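Single-structure report; data block below.
What follows is calculated from the coordinates using simple rules that are stated; it is not laboratory data. Using ideal geometry, Cβ is built from the backbone for each residue, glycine included, and neighbour counts are taken over all protein chains shown.
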Amino acid sequence: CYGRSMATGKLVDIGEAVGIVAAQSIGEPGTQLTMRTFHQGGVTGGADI
Amino acid sequence: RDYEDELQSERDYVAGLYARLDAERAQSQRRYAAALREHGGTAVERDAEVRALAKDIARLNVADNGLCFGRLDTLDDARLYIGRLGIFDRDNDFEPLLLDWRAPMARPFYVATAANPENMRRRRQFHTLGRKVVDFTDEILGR
Amino acid sequence: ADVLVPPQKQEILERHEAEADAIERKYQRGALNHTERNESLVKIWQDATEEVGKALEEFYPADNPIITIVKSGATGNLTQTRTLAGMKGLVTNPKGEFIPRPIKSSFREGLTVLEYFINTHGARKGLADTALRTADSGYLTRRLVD
Amino acid sequence: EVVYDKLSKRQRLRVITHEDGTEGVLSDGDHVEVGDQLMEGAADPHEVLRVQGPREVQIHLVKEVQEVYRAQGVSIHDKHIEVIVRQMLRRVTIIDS
């Protein structure tokens, strides 16, 4: 069901910790995402989300 | 006969404002997506523009329904439209096509009355159904 | 010699300055609120910057080293090239909103004292932000791993 | 009939935008399927789950996250998002014994 491991191109090995790989892959490009207005001035966000 | 002929003219112009607003929204949406996908600037320099564009897109969405409240004119025969947002023609020295009702010169729309006309001749009001104006009513000012 | 400047910059800047002068006239007439005027000026200057960038891209020869580095995908982007040889464009005040006066001098020409002063707002904001910015990504990564 | 009565005037009506018709905003007389959005904006995950079911809310969450990531030029395979989304739907609440 998991399918091929993207790192090797073949069917995923039994025992591979896919959860940690997925979490790290999702979290690594986080710094490139647009983030909240860190300075607390202005009206509360959510409308200009 | 005059009434629907005037109404058709009003429907035409108001349709013009919607067309101009739609062109503006597409312009902002294109740049909003472009900035998200690539900006080339520093992180704060990048997301700072996105907030402004998102603010502009939200501004347009709030306004595209019942955009024009009604026509108005001055005793000098110059005609003004009052609406949710101010729209100006870049190609004609920024002739005001639509004036935000909060604008200083738009105040006579609410303040003007027959017993004390603020240099405005005939106020008008618009009924709307989604975008199109259904019908209007007039109100004379002054003698 | 390789950092070329598009010759159409002067006319574009003059035309958009005339447009901004028209904006000022209409604001004096009382047709715009302060925020509306500022947003309209930002709107004009954004397309001014885009037009200057278009002229820069259309002017450079294909074999110029500066454009060669970018077009090949090795590094950089056309925005940095525009900043270097075009115009710095609009900048953000400390509160996080665009100042209505653009920086019309490129880093090749040399920014004046006050344009350089106002660029420091954004520079400092970014430098101070990055450290806290990494924290949110760390937070999300910790939770996703958990 | 199912009725909603107090939707604010600020919210833009959802746009269908038929490729050839370019109808845009849905209007009176249109036909909508189960769970189709009405106003442009985000959809509540809980309401989506309640209306459609677990097999559909997972798809909605995965699509939303992937759209958010790929809009900014980041490529992540859907399986990584699905691995996380699976853990959210792991429990069942007992409404009656």
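What the table shows:
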item	result
Filter result for the condition that a residue is of a type in the set (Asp, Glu) and surrounded by 18 or more Cβ atoms within 10 Å (Cβ to Cβ), over C:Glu39, C:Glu17	C:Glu39
Checklist (1) surrounded by 14 or more Cβ atoms within 10 Å (Cβ to Cβ); (2) within 14 Å of chain A (Cβ to nearest Cβ); (3) assigned to a helix (DSSP H, G or I) applied to D:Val74, failing item	(3)
Every pair of residues 6+ apart whose Cβ atoms lie under 7 Å, when the first sits in the range C:120-146 and is more than 12 Å from C:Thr92 (Cβ to Cβ) while the second is not in a helix (DSSP H, G or I)	C:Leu132/A:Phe38; C:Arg133/A:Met35; C:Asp136/A:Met35
Odd one out for D:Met39, checked against (1) in contact with a strand residue (DSSP E or B) (Cβ under 9 Å, 6 or more places away or on another chain); (2) closer than 18 Å to D:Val3 by Cα; (3) without any contact (Cβ under 8 Å) to a residue 24 or more places away in the chain; (4) surrounded by 14 or more Cβ atoms within 10 Å (Cβ to Cβ)	(3)
Selection within the range C:44-78 - within 13 Å of chain B (Cβ to nearest Cβ) and either touching a residue at least 60 places away in the same chain (Cβ under 8 Å) or in contact with an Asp or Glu (Cβ under 8 Å, 6 or more places away or on another chain) (or both)	C:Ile44, C:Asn77, C:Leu78
For C:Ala85: the one exception among (1) of a type in the set (A, V, I, L, M, F, W, C); (2) within 11 Å of chain A (Cβ to nearest Cβ); (3) surrounded by 14 or more Cβ atoms within 10 Å (Cβ to Cβ)	(2)
Number of positions in the range B:21-73 that are without any contact (Cβ under 8 Å) to a residue 12 or more places away in the chain and more than 24 Å from the chain's Cα centre (by Cα)	14
One residue from B:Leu36, B:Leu60, B:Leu53 being aliphatic (A, V, I, L, M) and farther than 30 Å from C:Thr81 by Cα	B:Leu60
